[PDB]
6 protein chains.
Amino acid sequence: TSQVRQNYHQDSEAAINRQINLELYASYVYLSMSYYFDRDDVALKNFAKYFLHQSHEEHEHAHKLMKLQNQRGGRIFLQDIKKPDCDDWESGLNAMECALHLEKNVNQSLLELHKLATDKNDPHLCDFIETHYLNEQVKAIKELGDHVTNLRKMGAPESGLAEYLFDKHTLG
Amino acid sequence: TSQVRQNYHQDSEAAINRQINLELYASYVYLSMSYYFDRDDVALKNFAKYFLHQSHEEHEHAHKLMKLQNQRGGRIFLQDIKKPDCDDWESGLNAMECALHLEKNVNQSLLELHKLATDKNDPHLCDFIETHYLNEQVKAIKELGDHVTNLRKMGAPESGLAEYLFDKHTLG
Amino acid sequence: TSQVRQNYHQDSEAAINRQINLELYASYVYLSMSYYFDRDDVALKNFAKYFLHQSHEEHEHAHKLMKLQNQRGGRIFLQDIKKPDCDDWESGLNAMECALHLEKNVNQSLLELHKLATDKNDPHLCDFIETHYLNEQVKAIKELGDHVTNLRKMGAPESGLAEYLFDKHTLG
Amino acid sequence: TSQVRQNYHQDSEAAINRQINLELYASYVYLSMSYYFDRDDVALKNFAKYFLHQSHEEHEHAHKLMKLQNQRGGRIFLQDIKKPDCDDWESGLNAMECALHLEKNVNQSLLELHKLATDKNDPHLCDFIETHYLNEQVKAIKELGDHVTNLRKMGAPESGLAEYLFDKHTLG
Amino acid sequence: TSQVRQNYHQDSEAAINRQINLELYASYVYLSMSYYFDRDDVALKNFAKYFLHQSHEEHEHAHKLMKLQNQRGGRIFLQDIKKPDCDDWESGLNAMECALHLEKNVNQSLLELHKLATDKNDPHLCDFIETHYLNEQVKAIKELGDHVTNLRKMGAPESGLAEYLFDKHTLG
Amino acid sequence: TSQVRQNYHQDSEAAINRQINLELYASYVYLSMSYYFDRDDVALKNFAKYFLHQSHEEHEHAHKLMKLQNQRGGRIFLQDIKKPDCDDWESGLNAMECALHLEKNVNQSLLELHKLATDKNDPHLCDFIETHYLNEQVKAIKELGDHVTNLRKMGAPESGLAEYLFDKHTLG
Ligand SMILES: [Cu+2]
Ligand SMILES: [Cu+2]
Ligand SMILES: [Cu+2]
Ligand SMILES: [Cu+2]
Ligand SMILES: [Cu+2]
Ligand SMILES: [Cu+2]
Ligand SMILES: [Cu+2]
Ligand SMILES: [Cu+2]
Ligand SMILES: [Cu+2]
Ligand SMILES: [Cu+2]
Ligand SMILES: [Cu+2]
Ligand SMILES: [Cu+2]
């Protein structure tokens, strides 16, 4: 056992490792989206920039989780980072919807992690999740919902002008 | 009677209190509109910012009226601030129309207050109303009329792109 | 249902709306106190400034609650803002005591809200309440208790000199 | 009862007082260590500086706890600050190990305090402990574990050169 | 024996250790006073600040004594830091009187230490005591006497206004 | 076919995709190493910093490759990012040796890619590889060889002092 380990259950360690893998997968999905919008036949530069920024944020989240795993005396168990489900995201609106679904999945995983930590009486882990992840997820979900609503109201995905103007004005 | 009271009729005091309540109600209505446009299924951020600014201005107007009530030796009688008539404003254009109607109602109340003050030979009250409220109301009504005209000409409320572009270019 | 809603119970939404109304009522009470101390026959300017600042803070609290209501996919239901219980607060000390009672009532409402959120397993709501409201309420209650103790020890409300000197030195 | 006291159980107050005493004792232990390393026959200046800084931090923790005790309407009950268990710490590595043990004991006491506060439904106390103490304890334990690991790997306590170089490079 | 020890009698070392314990006890007493005046039912913030500053100064004095103990080749023998005699100090004036008594006790201990050092022909110790402690004690005693005289003349402890105004004007 | 595609063979596109996957895998391996050295029982902070920087550089390389894939009209085909071969790297020296082996493998893959591009008469791809990857790989291999040589000469992995001093002086 680690010399620093204290009130850190094995189930919590395993859940943290699974969350690390999930964050890495989310970063990979966002990277795929970003370079989809960099394609010559899509050419939505600010969509690509937005999704690249999201990928970097997901990477940072994974980094913070690994840092905690080391801090609490747990051991990081890395797994394969699965390829994203889709290679073509078909539009800016569809990509935004997929991002919203992914963020809600990550939020659900974090909520289950918080429930596990509460069941294990690990207040430090609960506070870490609340401070660094829960409100970030809520804000991200709200932002993606706003983007999806605006894109739908502007006439996307049928109206290419809608996605162009959203790219310029909202994501620009 | 107040030691500072001079040429301040009771009817004027009551009308000032009613105007204070009306300004508070207008602030509350604008707050409702602003947080309506902050909703995920509406997501018009600059509309929300505009209506929040209007709410703050209405609050300032109420503050100035209470300050006068104290200055003239009257006593402030606060009443319930009624909830806004609507919780869903259905569009940016409809919200702008409702704001125009509210501002015209406030203007009519101020005109009646000025008429009462003139009938009571209270030149200080008349000058206060003229200096701080009448031209502000005229400018606000003109601005809201311009916004409504522009939104109607752009194709709102049917065209969501119209309200999006108005949000970005005019209110942004 | 809102596209962003996740782990947000209806009871939590209703409690948030009630808390919004309570914060608005507290702001209104503080406004009443502030303009009571601006009266010519009271003339305690820093008491008025203090209570006006408290009113603005309460308004900000209400704003934050409405922002969360939108963030979590809930819908803001506004109610009538009831008039304050008293129009004459009879002294600086009595106003401070009433403010202390109001702050403790708000604190109790927030504690009940936190208990409800815990019962509903909504860690984001619990963390929001803890981060933004609980310690603020504790600090406000402590400050008001200090003010009340100092005013009582100085000889208020019988000693007008006591309230004058407290107005100058503590609230000034 | 205190005029500011609200949702503050007596058991929580007693536990807070015990935690205050524990923090003072930890500060005293760190002071003893620091001036042990200032001895002419030990002469590890940066070890002394490190332990003096730790003592000051422990003092600050005790200060924050007393501040909360006053804020919540509890009454501070001070006890004797027991002398440290050891007067000679025998090495830098042994002192680091003792510091790690002390920090883990403090962490366990804080976890028990958090459990008590949770059992008493005192969310403000729980949030205070999480915000100001839990992560600080985790970081301190991790840092001390790193120091102990490095000292052991360098060949301490047998190798005086190891402790000298650690004093210069890590603690310097 | 220490390699640096020269003309340092054992009795002097023991007296230095006793003085270290006395300084720590004085710091603890001042801390108790400071957080007594931070209570909601006392609420004299500048009294608390003054006594906290005194506690920090006492800590610094203890630090200097331990530094000398190491410098002269003596060994620091730490003892239990006894709890302060009183938990409730009943007023600002009573706290000031207790502080004056404590400072005079510390001064008497330092004078006995100087007499012992003179009897042992240890001029370095005598000069240390004269340079760093004797005049500091005289100044502290004079300041506390001035505070006590002013508080008594203003009408304390019966007049709460007296202690309030002293808190603002002298300690502020 | 892409409207921008010109002199871009399918085999080159597939090789570019494989190189993208290899760069992502290298970044993942470096991340694993970095957080291995952040462990409490390893505690080599500058080793962790070095490997984290290497991971970020590998990520940047992957980014540049994807950018080229889009520029030349190819389509990015992402694959699973395999978990690193090892979870425990057993020392700084062993980690450096593994990094050297990985960099040489990446260099061999890049050389095969350049050979393929030459066989396909794609001078732009050849120049891209030469400008951005070949000399970077040579420099990285040289640096890792220098690190390995220095660690071996200092007595690693048996001498923990060797790895500590290398961590401080070379990687610090
Ligand atoms: Cu994330
Ligand atoms: Cu995310
Ligand atoms: Cu108005
Ligand atoms: Cu208006
Ligand atoms: Cu509030
Ligand atoms: Cu409040
Ligand atoms: Cu501590
Ligand atoms: Cu500690
Ligand atoms: Cu002293
Ligand atoms: Cu002293
Ligand atoms: Cu590379
Ligand atoms: Cu490389």
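FYI the Cβ positions are ideal-geometry reconstructions off the backbone, even for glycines, and counts take in every protein chain you see. Only the coordinates and a few stated rules stand behind these numbers; no lab work does.
Please report the orientation-averaged projected area of region C:17-107, defined via the convex hull of its C-alpha atoms, in nm².
Computing the convex hull of the Cα atoms and averaging its projections yields 5.7 nm².
log10 I(q)/I(0), Debye, Cα-only region F:121-166, no solvent, q = 0.17, 0.26, 0.27 Å⁻¹?
-0.58, -0.84, -0.87
With no solvent and one point on each alpha carbon, what is the Debye value of log10 I(q)/I(0) for chain F at q = 0.08, 0.10, 0.14, 0.21 Å⁻¹?
Treating every Cα as an identical point scatterer, log10 I(q)/I(0) equals -0.29, -0.43, -0.74, -1.33.
Can you tell me, using C-alpha contacts under 8 Å and at least 6 residues apart, the relative contact order of chain C as a whole percent?
28
Taking a label point 7 Å out from Cα toward Cβ, give me the nm distances from A:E158 to the same spot in the other copies, shortest first, one decimal.
When each copy's label point is compared with this one, the spacings are 1.3, 7.9, 8.2, 8.2, 9.1 nm.
If a/c stays under 1.5 just call it rounded; otherwise compare a/b with b/c (prolate if a/b is bigger, oblate if not). Do that for the protein assembly as shown, with a ≥ b ≥ c from the square roots of the Cα gyration tensor eigenvalues.
It comes out oblate by the Cα gyration axes.
Note the angle between two axes, namely the Cα long axis of helix B:10-37 and the longest principal axis of the Cα atoms of chain B, as a number of degrees from 0 to 90, rounded to the nearest 10.
20
Pairing the Cα long axis of helix C:135-154 with the longest principal axis of chain C, what angle in degrees results, from 0 to 90 and rounded to the nearest 10?
Value to nearest ten degrees: 10.
Taking 23 Å as the cut-off for C-alpha to C-alpha distance, list the pairs among A:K153/B:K49; C:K82/C:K168; E:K83/E:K139 that go past it.
Flagged as over cut-off: C:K82/C:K168; E:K83/E:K139.
Put +1 on the Cβ of each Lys and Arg and -1 on the Cβ of each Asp and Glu in the protein assembly as shown; which of F:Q10, E:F128, C:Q69 then has its Cα farthest toward the positive end of the dipole?
E:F128
Nearest to the axis that maps chain E onto chain F: list the chain E residue whose Cβ wins, with the distance in whole angstrom.
Nearest Cβ to that rotation axis, in whole Å: E:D38, 24.
Could you give the distance between the Cα centres of region D:145-170 and region B:137-161, to the whole Å?
If you average the Cα positions of each part, the centres end up 74 Å apart.
Using a simple charge model, +1 on the beta-carbon of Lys and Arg, -1 on the beta-carbon of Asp and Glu, nothing else, what dipole does region B:1-133 show about its Cα centre, in debye to the nearest 20?
So the magnitude is around 580 debye.
Hey, for E:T170 with labels 7 Å out along Cα-Cβ, what do the inter-copy distances come to in nm, ordered shortest first?
2.0, 5.2, 6.7, 6.8, 6.8
Quick check on the exposure proxy: order F:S32, A:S91 from fewest to most C-beta atoms within 10 angstrom.
Final ranking by Cβ density, sparse to dense: A:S91, F:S32.
Cα centroid distance between region E:110-134 and region A:1-35, in Å?
63
Going by C-beta contacts inside 10 Å, put F:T149, F:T1 in order with the fewest on the left.
Result, fewest neighbours first: F:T1, F:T149.
Based on the Cα atoms of region D:1-53, what semi-axes does the equivalent ellipsoid have, where each is the square root of 5 times one gyration tensor eigenvalue, given in whole Å with the largest first?
Equivalent ellipsoid of region D:1-53: 39, 9, 6 Å, largest first.
Can you pull the mean other chain C-beta count within 10 Å for peptide A:73-84?
5
Can you list, shortest first in nanometers, how far B:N121 lies from the same residue in the other copies, with each label 7 Å from Cα toward Cβ?
For B:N121, the other copies' label points sit at 6.7, 7.7, 8.3, 10.7, 10.7 nm, shortest first.
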